[PDB]
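J.: Before we start, here is the structure in question, set down as structure tokens.
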Amino acid sequence: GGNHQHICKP
Amino acid sequence: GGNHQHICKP
Amino acid sequence: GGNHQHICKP
Amino acid sequence: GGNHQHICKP
Amino acid sequence: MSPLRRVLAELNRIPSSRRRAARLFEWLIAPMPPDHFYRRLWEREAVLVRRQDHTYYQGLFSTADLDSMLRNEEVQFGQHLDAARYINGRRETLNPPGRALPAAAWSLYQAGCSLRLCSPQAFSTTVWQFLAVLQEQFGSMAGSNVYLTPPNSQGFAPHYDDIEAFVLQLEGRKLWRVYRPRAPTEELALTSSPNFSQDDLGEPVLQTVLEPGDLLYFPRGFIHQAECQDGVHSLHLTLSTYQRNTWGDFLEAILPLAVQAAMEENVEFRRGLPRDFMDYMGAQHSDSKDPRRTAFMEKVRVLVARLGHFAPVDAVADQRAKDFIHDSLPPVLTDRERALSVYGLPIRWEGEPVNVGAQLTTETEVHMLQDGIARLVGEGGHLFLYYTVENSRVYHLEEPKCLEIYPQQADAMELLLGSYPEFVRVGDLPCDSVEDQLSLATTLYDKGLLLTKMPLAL
Amino acid sequence: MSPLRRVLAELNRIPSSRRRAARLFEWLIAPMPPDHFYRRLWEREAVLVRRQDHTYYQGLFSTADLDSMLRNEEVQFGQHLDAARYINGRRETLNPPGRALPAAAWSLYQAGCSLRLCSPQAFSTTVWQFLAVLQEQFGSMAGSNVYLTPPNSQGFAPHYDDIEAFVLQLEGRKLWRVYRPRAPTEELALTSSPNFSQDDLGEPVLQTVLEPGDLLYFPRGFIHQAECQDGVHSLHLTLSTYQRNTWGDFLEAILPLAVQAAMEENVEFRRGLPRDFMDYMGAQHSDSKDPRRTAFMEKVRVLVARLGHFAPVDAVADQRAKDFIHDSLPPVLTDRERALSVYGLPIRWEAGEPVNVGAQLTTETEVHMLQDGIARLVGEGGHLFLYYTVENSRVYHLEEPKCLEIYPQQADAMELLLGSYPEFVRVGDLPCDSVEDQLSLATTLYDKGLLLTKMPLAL
Amino acid sequence: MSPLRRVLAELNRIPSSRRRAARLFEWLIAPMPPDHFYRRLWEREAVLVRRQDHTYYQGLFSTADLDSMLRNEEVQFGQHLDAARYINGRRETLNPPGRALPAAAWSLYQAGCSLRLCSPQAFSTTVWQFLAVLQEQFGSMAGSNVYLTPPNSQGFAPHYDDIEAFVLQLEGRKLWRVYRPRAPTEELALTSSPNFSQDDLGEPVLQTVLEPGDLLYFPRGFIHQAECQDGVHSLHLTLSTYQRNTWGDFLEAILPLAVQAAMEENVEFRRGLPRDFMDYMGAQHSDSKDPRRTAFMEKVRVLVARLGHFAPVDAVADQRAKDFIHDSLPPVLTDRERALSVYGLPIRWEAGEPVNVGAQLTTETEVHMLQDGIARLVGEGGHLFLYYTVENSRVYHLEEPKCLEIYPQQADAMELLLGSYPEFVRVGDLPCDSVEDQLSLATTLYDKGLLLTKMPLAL
Amino acid sequence: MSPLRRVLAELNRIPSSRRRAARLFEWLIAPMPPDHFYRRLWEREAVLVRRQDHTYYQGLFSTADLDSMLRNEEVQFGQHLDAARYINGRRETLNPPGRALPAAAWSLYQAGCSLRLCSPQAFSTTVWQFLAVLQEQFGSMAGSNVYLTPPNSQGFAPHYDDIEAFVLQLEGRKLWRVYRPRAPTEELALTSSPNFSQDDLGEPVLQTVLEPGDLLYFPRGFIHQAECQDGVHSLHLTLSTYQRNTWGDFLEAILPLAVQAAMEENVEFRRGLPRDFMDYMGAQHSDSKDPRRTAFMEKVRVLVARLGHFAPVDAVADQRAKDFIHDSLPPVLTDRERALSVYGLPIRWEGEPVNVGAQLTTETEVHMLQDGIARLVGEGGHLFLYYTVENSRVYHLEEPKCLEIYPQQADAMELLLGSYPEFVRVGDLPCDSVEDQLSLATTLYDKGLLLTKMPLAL
Ligand SMILES: O=C(O)CNC(=O)C(=O)O
Ligand SMILES: O=C(O)CNC(=O)C(=O)O
Ligand SMILES: O=C(O)CNC(=O)C(=O)O
Ligand SMILES: O=C(O)CNC(=O)C(=O)O
Ligand SMILES: [Mn+2]
Ligand SMILES: [Mn+2]
Ligand SMILES: [Mn+2]
Ligand SMILES: [Mn+2]
């Protein structure tokens, strides 16, 4: 899993 | 100019 | 391995 | 036209 | 209330989505019976339906809805909105670069320009519902364009379009002229035409003034033109469909595969060509009296005719079905369908989520949410269920959505797709085990593709 | 009303958008002064602001706003919403394939999962306005993520992010732990770190339970983790900014152009390398004593240092500015700006025709830029382009870069305008070549929603 | 001299290149007649020709020609040379990465490996001429592979190929086994098969030891395998042709254009499909009784059969012809053609300047196409293009398609020329519009090496 | 015999390929010493060497070799051959479409056109050998073009080139004019120039008639032009090198990496920029008296200067080395090198291959075939030996060739690369085990990259 997404992922 | 756009393409 | 090569492979 | 072709490109 | 709000309120009370589509089309062309229309009029003749009721379409769309759209939504010139003017026999577009703000749009209109808003279904929920329902009975994508023309003017030059058109007069009046195809080649034309001049046209087969409530239908290839006169504007919505849904398009996909299967299952298609066919076949060798040429020609004709036997019709059928599903607008749900689907589950939030944990059981009675939302197609070596529930109201905005179906569920998946709208007890699915009946049902339900007779309870 | 609605109300009543952004940031970190925070805390220390006012952020976002969002908006798993779990030292993600329906999302929530909603600004108008205003005083895009965590649980593993984080506690309580950078290289890190485990962490520089209204700031590179306990959930919105907006990223753009310029303007950069430098330079010749090697190294350094004299810093600044214009969220106008801009022109459709048409600007019209951070004048290939943000989508890069060209005969007045904000300049006094130019620019800008008039335009 | 050098000598002494190709093929399968072979054997039966003359192919290729080739030419493993082994039912390839130096190649050979050299025509001028001539009577590209197998071994597993194979035994002996197609689908197969094992094969339709000079022909789809024994090696060259030159490949190009034409010229193809055909057509509705389904099927067949009437067979033939021009190997001129073509023009550089300049064609000049299979007149987008093969490389597709445009005012004479071969047509009698046209075409063709004159051109 | 055939015969007797390169360059500019040339003349001044020997270059190239090339090889107009004419102050190209046949080439020549054949090294083996040897002492690719001009004419307009040029007069005479760079910017120009007119030039720094055997050298950026007069033709070969091998090109590669390493190892390069630098930095803010602007400027200059510390010079060095190896023409071997390399192994064919089975031993004494054929470079986490032995005489016809070197052999691989031309006993390589010494040696040898003191025997 990822952490904070300044820009929303693909 | 164009005519009826069954699907807006541009 | 391959067989006859009518045209030479890449 | 071109000049000296250190490397033939076309 | 108006006919529209009443028929919509009537649709919300109809169980089957198929019957719902049938009823709305029945309404759209009333009093004319659908059976007669499709049998004798569809693709054959221009049809004018004088409703004699100016409130017929009230609620569908209006110039006020247009103003709000330009103001509250991101309508982009060139893409969403087109401003056109027709003067001295010549068509011209005056689209500024950027966003379509009211101050700009109305300035063009006052300048005698006509406005054309492409795909209002992406912005207006009423139009969307209208098209979402009609697409089901069309078996093909239903698009739309709204046309607004100022008093005493013409925005478009004479032309024909590449689709079946249904012109709904929303407001004002307009002088329409419809022409039968000029040449055999223009009949049911495959592509839209260029702008024509008055002298490229003969006499109209239909010329009339449309008033709010009337409907004008004409086939692709019929040249038509309209203008406003007597100091009044016009607003109509042109519903269209059937773009490239011809037997030719079908063949276009079947043939490549046909020769592909023939070549694999019939040696006659695998026999080498003549060593010297280049001597008598070719443009220059057109007038050759070479008896071998006609033999070559004859064989080519015999081989083609044979290809029908190898044609994978059902496969292409499924492919076009998959494309129609990707093309489809998302379904509009009736209160009942929502209440019985995952969309209506009472699970909300009140410092903790309430009414959560409902699950399907073998006793649960289910059936597909609607009949035109999914399609089972085999691509490669596996099965896939393509659906429309997650599509955007904006054409192809989202990608083709599907979920893989395992062989242990194929039978049950098929049954559900065909048994609509008859409820079936999950414990009665064709699957091998109980877990497979519950898994499918649960999976489908959670995807918003299935509904139950009674609301799920925990 | 609530502190948030009171300050928002105030912003409407302020002319300058620059002051507006400065005023909002002051509110965000109150009672501590922005000037202290920027010269001493920003990028240097973790900061905790105990508000002692649970209603501080009311009106910003709630679990209800999210509930209605998942139901009414098209929220997609993996794209907009992420369900995360952290159990027994391992981070896991249970993201279902597809739309995030309330039934599925809340189900995960009940299962102990945390929900992360990327860029709520794309749906919430209040979050958009909040961020749309703050970006102006950051000079960098202001994004955000919303985190919802169930009681007695932790959805994320300890990690650090690549941005400056402002954690606003909106509902519930949550035990936070912030750690100082572990090693020098991790200080103000460029990229986000992987998921760490407690064994990889030292002692917390700050450990505390956040309560609604509090603000917790920490720089990129500071490891952090949070968890719920004692049977209460937590909801917070993390405001991030300053992603890859360092000196390095600026130099990254400079160098290439600088070396190209240096080569075109100075022969020392065009001289050929040694015919045999490959004999003493290379990984295999690292362990060498050859003095030609030390001379090569000295030559490189000398040349590199010169490069500064050829650096096109202004061009790069314009390009960064331009990229920030593309990145920015569309502006939120005040009632005044609206009423004085093309957006608020009285022209509408009323009975059977448009009403109040013919609004024209004159040489007497006094005007000024709609706002101070909506446009930028950039030079590209002998051409002048005015890039703006008014047509940007609330969805990052959904729309391509918008600009309009400015001819040399207008560049002068265009400059003045961008520098006069918020001072009113009469169109007639615009420094151009002709009255046709003064009205031309003014009309073109106005009609594009980039300009406003001292008074509403009348026929 | 040897039979090969005697027939080659003869070819030089024949005018028509068409006769030349026919004469060479007659020699290749002698004593059996080409007419019998083509109407009864070609693509139908395996054929063994016991020459009883070990010197038949002398001068074609040898192990020495290969030795000097690996040493003087840049032969690359995997691309030009392949080392193969077949032991205990498994096929293996021990191809080293890189140039095939004699040391490595012969080393593999000693290790029991077989060597396969792809397209020796790219290096051997004799193999090129042989194939360059035979392609003309095949109407299809004639490639070849050389196989060298060590004593007491087998380098390849049983398999079938996708072409018509002519195995010419050049040195040593080899025990061959040819099998008839196993199943209907394997008859005249489109693609090559994988490596089979003895357990996958039936009884041989032909099993025999080939001796130098013999010819063994078998169609595509016939499984075959060969091995050496009794302490002697084997060298053979396999001439292949007719790769994907079937009716299917022709129909493959036809259909698309035919359906496009039918739609543009007949309304029945432009009518819309049923609104509800998806209710009874599809994989899930296969098991149905609905009569609309049988009507749909009948409609499809009917439409498909019509398609033949709209098939642009001539256009496709030109395109195939064109592709064959691109595929063809460059022509090998006779001494006569050379001396009468631009290639043999006496103009050279001798002392300090060029000698014999100024050769011009007149209206009296009698000319005709250099050869019958070097060019093709093709129509593309209202344009006429004369594609030729003279500029082709001996390396397949090394050069892109060569052509020159022909204007409508010359298309008439251009047609005549391509049909007059080998008859001499005087330039003055070329059917054009003006003398400027007659000399124009003739001069353009001549200078391109596509034309020859009855007599050598003199100043 | 002629000086050329004698110096070549002399090279075949020189052990080191480095010394061989040095000797041939010493010959090419004789009697002028290489040391003086490179120290005072290279890239600084135009140099004319009057050999006073018209046989000096005899054997290298001639118009007869050109005739045979056009006749026996596939010289393509536009790509290989260029026909140019210079008349009335204007340059023009008259290349027909297709193959360059003698009848066409000589027709243009008789028409007063000049012929330029690009890269004769791909066709002529003598030129190849010449360039293959000189590239080693140039540390950069050595290309060439042959120019043939008919009597009383000029084929090219005044121009300068982007490389160091060495003009060898092969046959005839020609009037050359060389100009010093006009402007500071044109000195050592990076790109070739357009065709100039007489009025774009000042007075020549060098004007002279070149006769067979003479050599004319001039730096990139020096404008030059030549013409034939007095009823005689001209044929020269222009050897060129140093194309884009400047400190700038080096920097161009080092910087991206420099800021990349700095940003990773120094926080100062990771500090955020000012929140409002956009207010005082930018084109419009050029005249700003903002003291923050000069501070921003100063910091940018201090950061750049620091980048020198982080510069991965050796890495880029290896990269340019790898590119030079891919750029290099294949090596020309001396009889001795061939006899002692895999190329010379007696293993041939006589119904069976003879003299086969030779192998290296730990007693075997070896060393690299030549000194400019290979380079060891680390890309990523592994080591690779890039070599030139498999390159085509045609520029970049083949792809970058290399073989991976394992860490257990890196040390031995390095030694060999540096110990040239000193033979080393395979049993004395730095590798851990015996198998590793034999494997490397065997692998290198089989690749044609190594040679032995005595011919391998079985
Ligand atoms: O309204 C007009 O002027 C033209 N309208 C159309 O072409 C249409 O509705 O399809
Ligand atoms: O809330 C959590 O569990 C983790 N939160 C964060 O990493 C954050 O807000 O940046
Ligand atoms: O020679 C062999 O072992 C195999 N030969 C072939 O498959 C062939 O010539 O087509
Ligand atoms: O020979 C000429 O006319 C011009 N020659 C050159 O530019 C050259 O040799 O580089
Ligand atoms: Mn975080
Ligand atoms: Mn229309
Ligand atoms: Mn075979
Ligand atoms: Mn030059």
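If you're wondering about the labels, chains in the structure tokens are A, B, ... by order shown, residues count from 1 in each chain, ligands from 1 in order shown.
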Could the residues that lie within 10 Å of ligand 1, counting only C-alpha atoms and all ligand atoms, be listed as a PyMOL selection string?
T.: (chain B and resi 2-6) or (chain E and resi 84-86+114-116+144-149+153-161+163-169+174-177+216-218+223-228+234-240)
J.: Can you list every residue in segment 102-162 of chain F that DSSP puts in strand (DSSP E), as a list in words?
T.: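 Selection result, strand (DSSP E) within segment 102-162 of chain F: residues 114, 115, 116, 117, 118, 143, 144, 145, 146, 147, 148 and 149 of chain F.
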J.: How far apart are chain A and chain D by Cα RMSD after a least-squares superposition over every Cα, paired in order?
T.: 0.8 Å
J.: Find the residues near segment 424-430 of chain G: any atom within 7 Å, counting only C-alpha atoms, skip ones fewer than 2 places away on the same chain, and give them as a VMD selection string.
T.: chain G and resid 363 to 368 413 422 432 438 to 439 442 454
J.: Might you pull out every residue within 8 Å of residue 8 of chain D, with only C-alpha atoms counted and same-chain residues fewer than 3 positions away left off, and present them as a list in words?
T.: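 Residues meeting the cut-off are residues 5 of chain D; 79, 80, 118 and 119 of chain H.
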J.: Given the selection you just returned, output its residues as a file containing N, CA, C and O atoms, formatted as a PDB file, in the first residue's frame.
T.:
ATOM      1  N   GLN D   5      30.418  15.702 -44.813  1.00  0.00           N
ATOM      2  CA  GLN D   5      29.603  14.771 -44.044  1.00  0.00           C
ATOM      3  C   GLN D   5      30.480  13.870 -43.187  1.00  0.00           C
ATOM      4  O   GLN D   5      30.871  12.787 -43.623  1.00  0.00           O
TER       5      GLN D   5
ATOM      6  N   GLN H  79      22.838   9.644 -50.318  1.00  0.00           N
ATOM      7  CA  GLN H  79      23.523   9.046 -49.173  1.00  0.00           C
ATOM      8  C   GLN H  79      25.037   8.822 -49.146  1.00  0.00           C
ATOM      9  O   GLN H  79      25.740   9.529 -48.423  1.00  0.00           O
ATOM     10  N   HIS H  80      25.506   8.301 -50.292  1.00  0.00           N
ATOM     11  CA  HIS H  80      26.938   8.097 -50.474  1.00  0.00           C
ATOM     12  C   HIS H  80      27.587   9.150 -51.366  1.00  0.00           C
ATOM     13  O   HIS H  80      28.640   9.685 -51.030  1.00  0.00           O
ATOM     14  N   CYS H 118      30.780  10.284 -49.684  1.00  0.00           N
ATOM     15  CA  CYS H 118      30.840  10.211 -48.233  1.00  0.00           C
ATOM     16  C   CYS H 118      31.308   8.839 -47.723  1.00  0.00           C
ATOM     17  O   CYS H 118      30.909   7.801 -48.246  1.00  0.00           O
ATOM     18  N   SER H 119      32.171   8.855 -46.711  1.00  0.00           N
ATOM     19  CA  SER H 119      32.705   7.650 -46.068  1.00  0.00           C
ATOM     20  C   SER H 119      33.254   6.539 -46.937  1.00  0.00           C
ATOM     21  O   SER H 119      32.784   5.406 -46.881  1.00  0.00           O
TER      22      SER H 119
END
J.: Please write out the residues within 9 Å of ligand 3 as a PyMOL selection string, counting only C-alpha atoms and all ligand atoms.
T.: (chain C and resi 3-4) or (chain G and resi 86+114+116+145-149+153-161+165-168+174+176+223-228+234-240)
J.: Using C-alpha atoms, can you export the residues from the last selection as a compact mmCIF listing (two decimals), in the first residue's frame?
T.:
# COMPACT_ATOMS: atom_id res chain seq x y z
CA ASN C 3 13.86 -25.00 -38.64
CA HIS C 4 14.24 -23.66 -42.15
CA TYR G 86 19.36 -33.41 -31.83
CA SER G 114 24.99 -29.23 -37.43
CA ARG G 116 22.61 -23.97 -40.75
CA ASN G 145 19.42 -22.43 -46.41
CA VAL G 146 22.61 -24.48 -46.33
CA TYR G 147 22.85 -27.40 -43.91
CA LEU G 148 26.11 -29.02 -42.86
CA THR G 149 25.94 -32.14 -40.78
CA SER G 153 24.63 -37.53 -36.16
CA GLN G 154 21.36 -35.65 -36.52
CA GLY G 155 21.16 -31.91 -35.96
CA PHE G 156 17.43 -31.45 -36.33
CA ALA G 157 14.29 -33.00 -34.89
CA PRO G 158 11.52 -34.15 -37.22
CA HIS G 159 9.34 -31.18 -38.29
CA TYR G 160 7.66 -29.67 -41.33
CA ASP G 161 8.25 -26.29 -42.90
CA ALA G 165 11.42 -27.50 -50.33
CA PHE G 166 13.96 -28.62 -52.91
CA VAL G 167 16.86 -30.39 -51.21
CA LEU G 168 20.01 -30.43 -53.37
CA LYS G 174 22.43 -38.50 -45.84
CA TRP G 176 16.30 -38.90 -45.36
CA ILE G 223 7.25 -33.92 -41.99
CA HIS G 224 10.92 -34.70 -42.60
CA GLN G 225 14.11 -35.54 -40.77
CA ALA G 226 17.66 -36.42 -41.82
CA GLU G 227 20.76 -37.97 -40.27
CA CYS G 228 24.31 -38.98 -41.13
CA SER G 234 26.58 -34.13 -45.47
CA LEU G 235 26.12 -30.77 -47.12
CA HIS G 236 22.96 -29.65 -48.82
CA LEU G 237 21.24 -26.52 -49.95
CA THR G 238 17.49 -26.29 -49.44
CA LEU G 239 15.73 -24.10 -51.96
CA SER G 240 12.44 -22.85 -50.61
J.: Starting from chain E, keep only residues with some atom at most 7 Å from an atom of chain G, counting only C-alpha atoms, and report them as a ChimeraX atom specification.
T.: /E:138-139,185,187-188,190,245-248,252,255-256,259,263-265,267,269-273,275-276,278,281-284,300-301,304-305,308,314-315,317-318,321,414
J.: Just give me the gap between atom CA of residue 192 of chain F and atom CA of residue 45 of chain F in Å, one decimal is fine.
T.: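 One can read the atom CA of residue 192 of chain F to atom CA of residue 45 of chain F distance as 18.3 Å.
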J.: Please, which residues in chain G fall within 7 Å of chain C when counting only C-alpha atoms, and what is the closest atom pair and distance in Å to one decimal for each, ordered by chain then residue number, as JSON lines?
T.:
{"residue": "G:79", "atom": "CA", "partner": "C:9", "partner_atom": "CA", "distance": 5.7}
{"residue": "G:80", "atom": "CA", "partner": "C:8", "partner_atom": "CA", "distance": 6.6}
{"residue": "G:84", "atom": "CA", "partner": "C:1", "partner_atom": "CA", "distance": 6.8}
{"residue": "G:91", "atom": "CA", "partner": "C:1", "partner_atom": "CA", "distance": 6.5}
{"residue": "G:92", "atom": "CA", "partner": "C:1", "partner_atom": "CA", "distance": 5.9}
{"residue": "G:93", "atom": "CA", "partner": "C:1", "partner_atom": "CA", "distance": 5.2}
{"residue": "G:118", "atom": "CA", "partner": "C:8", "partner_atom": "CA", "distance": 5.8}
{"residue": "G:119", "atom": "CA", "partner": "C:8", "partner_atom": "CA", "distance": 6.7}
{"residue": "G:143", "atom": "CA", "partner": "C:6", "partner_atom": "CA", "distance": 5.6}
{"residue": "G:144", "atom": "CA", "partner": "C:6", "partner_atom": "CA", "distance": 6.5}
{"residue": "G:145", "atom": "CA", "partner": "C:4", "partner_atom": "CA", "distance": 6.8}
{"residue": "G:161", "atom": "CA", "partner": "C:4", "partner_atom": "CA", "distance": 6.6}
{"residue": "G:240", "atom": "CA", "partner": "C:6", "partner_atom": "CA", "distance": 6.5}
J.: Please identify the helix (DSSP H, G or I) residues within segment 99-227 of chain E (assignment by DSSP from backbone atoms) and present them as an NGL selection string.
T.: :E and (102-110 or 120-122 or 125-138 or 184-186 or 198-200)
J.: Would you export the selected residues with N, CA and C atoms as a tab-separated table (two decimals), in the first residue's frame, please?
T.:
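The resulting result_0.tsv:
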chain	number	residue	atom	x	y	z
E	102	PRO	N	-21.66	32.61	-20.68
E	102	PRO	CA	-22.93	33.16	-21.16
E	102	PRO	C	-22.75	34.46	-21.94
E	103	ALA	N	-21.92	35.35	-21.42
E	103	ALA	CA	-21.70	36.63	-22.07
E	103	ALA	C	-21.19	36.47	-23.51
E	104	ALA	N	-20.47	35.38	-23.78
E	104	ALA	CA	-19.94	35.14	-25.12
E	104	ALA	C	-20.98	34.42	-25.98
E	105	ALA	N	-21.56	33.37	-25.41
E	105	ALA	CA	-22.57	32.58	-26.10
E	105	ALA	C	-23.76	33.44	-26.54
E	106	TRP	N	-24.29	34.25	-25.63
E	106	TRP	CA	-25.43	35.09	-25.98
E	106	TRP	C	-25.05	36.24	-26.91
E	107	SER	N	-23.77	36.60	-26.97
E	107	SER	CA	-23.34	37.67	-27.85
E	107	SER	C	-23.33	37.17	-29.29
E	108	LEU	N	-23.02	35.89	-29.47
E	108	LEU	CA	-23.00	35.28	-30.80
E	108	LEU	C	-24.45	35.10	-31.25
E	109	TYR	N	-25.30	34.67	-30.33
E	109	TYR	CA	-26.72	34.46	-30.62
E	109	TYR	C	-27.38	35.76	-31.06
E	110	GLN	N	-27.08	36.84	-30.35
E	110	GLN	CA	-27.66	38.13	-30.70
E	110	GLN	C	-27.07	38.58	-32.03
E	120	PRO	N	-25.74	16.91	-24.52
E	120	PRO	CA	-26.23	17.47	-23.26
E	120	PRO	C	-26.49	16.39	-22.21
E	121	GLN	N	-26.48	15.12	-22.62
E	121	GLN	CA	-26.72	14.05	-21.68
E	121	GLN	C	-25.62	14.01	-20.60
E	122	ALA	N	-24.43	14.50	-20.94
E	122	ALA	CA	-23.32	14.54	-19.99
E	122	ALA	C	-23.52	15.60	-18.90
E	125	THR	N	-29.49	15.77	-16.42
E	125	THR	CA	-29.92	14.44	-16.00
E	125	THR	C	-31.22	13.95	-16.65
E	126	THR	N	-32.05	14.88	-17.11
E	126	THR	CA	-33.31	14.48	-17.73
E	126	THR	C	-33.03	13.89	-19.11
E	127	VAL	N	-32.22	14.59	-19.89
E	127	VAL	CA	-31.87	14.09	-21.20
E	127	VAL	C	-31.20	12.74	-21.06
E	128	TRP	N	-30.28	12.64	-20.11
E	128	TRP	CA	-29.56	11.40	-19.87
E	128	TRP	C	-30.53	10.24	-19.71
E	129	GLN	N	-31.45	10.39	-18.77
E	129	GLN	CA	-32.45	9.36	-18.50
E	129	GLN	C	-33.20	8.98	-19.77
E	130	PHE	N	-33.57	9.99	-20.54
E	130	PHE	CA	-34.29	9.81	-21.79
E	130	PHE	C	-33.51	8.89	-22.74
E	131	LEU	N	-32.26	9.26	-23.01
E	131	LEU	CA	-31.37	8.50	-23.88
E	131	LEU	C	-30.98	7.17	-23.27
E	132	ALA	N	-30.78	7.14	-21.96
E	132	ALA	CA	-30.38	5.89	-21.33
E	132	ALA	C	-31.48	4.85	-21.52
E	133	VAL	N	-32.73	5.29	-21.46
E	133	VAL	CA	-33.83	4.36	-21.66
E	133	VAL	C	-34.03	3.95	-23.11
E	134	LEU	N	-33.98	4.91	-24.03
E	134	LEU	CA	-34.18	4.63	-25.45
E	134	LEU	C	-33.09	3.80	-26.13
E	135	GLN	N	-31.87	3.87	-25.62
E	135	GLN	CA	-30.75	3.11	-26.20
E	135	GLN	C	-31.05	1.62	-26.13
E	136	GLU	N	-31.71	1.20	-25.05
E	136	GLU	CA	-32.06	-0.21	-24.85
E	136	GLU	C	-32.95	-0.72	-25.98
E	137	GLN	N	-33.99	0.03	-26.34
E	137	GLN	CA	-34.83	-0.42	-27.42
E	137	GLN	C	-34.23	-0.12	-28.81
E	138	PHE	N	-33.14	0.63	-28.87
E	138	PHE	CA	-32.50	0.90	-30.16
E	138	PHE	C	-31.46	-0.16	-30.50
E	184	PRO	N	-28.49	6.93	-55.56
E	184	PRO	CA	-28.46	5.60	-54.95
E	184	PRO	C	-27.37	5.51	-53.89
E	185	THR	N	-26.22	6.10	-54.19
E	185	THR	CA	-25.09	6.08	-53.27
E	185	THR	C	-25.33	6.86	-51.98
E	186	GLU	N	-26.16	7.90	-52.05
E	186	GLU	CA	-26.43	8.71	-50.87
E	186	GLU	C	-27.50	8.10	-49.95
E	198	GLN	N	-28.01	25.53	-52.44
E	198	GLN	CA	-29.44	25.36	-52.74
E	198	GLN	C	-29.46	24.61	-54.04
E	199	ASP	N	-28.47	24.82	-54.90
E	199	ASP	CA	-28.59	24.24	-56.23
E	199	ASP	C	-28.17	22.78	-56.25
E	200	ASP	N	-27.56	22.30	-55.16
E	200	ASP	CA	-27.26	20.88	-55.07
E	200	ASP	C	-28.50	20.06	-54.68
J.: One decimal, Å: what's the distance from atom CA of residue 219 of chain H over to atom CA of residue 189 of chain H, could you say?
T.: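 A separation of 9.1 Å between them.
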